[PDB]
Structure formats: structure tokens, C-alpha cells
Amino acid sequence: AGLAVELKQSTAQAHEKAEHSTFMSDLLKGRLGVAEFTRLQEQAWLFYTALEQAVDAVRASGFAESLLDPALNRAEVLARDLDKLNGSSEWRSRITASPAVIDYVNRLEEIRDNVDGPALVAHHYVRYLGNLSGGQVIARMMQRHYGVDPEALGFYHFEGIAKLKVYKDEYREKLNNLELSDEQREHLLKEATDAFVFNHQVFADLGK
């Protein structure tokens, strides 16, 4: 039972922990506010920027090309959302990576500079399949609990992909068809675990 399934199984426990961080739990249940959502999206712009440099490098190397669809790119969409949420472009010169984000960005830059395809695919799975798959729930809760304008929720929209359910199915088939060795597969799986570890610390730092 192939890679897509093994990824899901392998990270299922971490995914469930992710739903329950104090920050995310509090956010989704209405206990926070648009300001806290904006702080999250600012950190996310930082790590999606880094992620997408690593994706560009890996795609250019010819690994997992069809998986690494540039239509998934989130950083510029995020910046447009952040221009709406903050009311201006002034965030870019005020924002600072949290310590958790420094660690995560450093890993992403390591993957980039090593052109580590298997490692990159792990982080691509955790970031993009998560959004493609469940981001709509988060966006609905930001609208319903805090009145965020959907124009500021572009991050969750995948402009340019129509049929998201089919896209998800195809994304999994690409994972299943990747040519990996036993060593590349274990590295990818470990990395997907580490990805959830990084995300957990980002949320913890947001919650402080």
C-alpha cells in the first residue's frame, strides 16, 4: 500500500495533534481574532516563501516535476491577502520570523541548496495537500467567526485549479508513481514527520 497512503498513515497522529494546538484550537473556535489570524499568515508568508524557493530548485532539477505544479504557489497570494488584512504593505518591513520559523526556513533553505528532492516532496505534501484538502474548513471558520472578507482568504482558494477533489486524487497518484529507492522513501517519510514537528513549533510560538 503505496506512498500516499503511507504518508497519511505515518503522519495521522501528528495531523490530529495539529488540530489541537492551543493557538489553532483557540483560533478555529472563535476565541482569538483577525489580528491573530494575520500574525499566522505573516509567519506563513515567511515559510511559504522559503518553501517555494526549494520547490523551484527541485522542479528545475527534474525531480517530481508534475507534482510540483507552480499553480500551487501561495507566497504572492499570501502577500496580497496580507496587504488587505494589514491595510498596507508596511508589514513586510515590520515582520520578524519567530524562532520556530527560523528553524523551519533554515531546513527549507538546506533542502533548496542541496536540491534534496525526496525531502522537498515531504514538505510539499504537508503544506499543499493539507491546504488543497482541508484549507476550506479553516477559511470558512475565519469568515464565520471573525468576518474575514473572502478576498483576504486567497491563500485558501487555489485560483487556476477548478476541480480540487479530482486534483487531490491526481496529486496522490503522482506521489504513488514517484520513483524512489528504499533510502529515498525513508528519508521522505522522516521528513514528513519533521515537517509536522516544525509546524507544531510555529503554532506554539504563535500561542506564546
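We number the residues from 1 along the sequence you see.
Looking at mean Cα B-factors across 112-120 and 86-94, the upper value is held by 86-94. For the segment pair 9-17 and 189-197, the entry gives 9-17 the higher mean B-factor, averaged over Cα atoms. You'll see in the entry that, of 56, 159, 42, 36, the Cα B factor peaks at 159. Based on the entry's C-alpha B-factors, the most elevated value among 26, 170, 69, 52 belongs to 170. Among the modelled residues of the chain, residue 61 sits in the middle third by CA temperature factor in this PDB entry. Residue 133: CA B factor lies in the highest third for its chain, per the PDB record. In this PDB entry, the Cα temperature factor of residue 32 sits in the middle third of its chain's modelled residues. Among the modelled residues of its chain, residue 144 has a C-alpha B-factor that falls in the middle third, as given in the PDB entry. In the deposited entry, the Cα temperature factor of residue 164 places it in the middle third of its chain's modelled residues.
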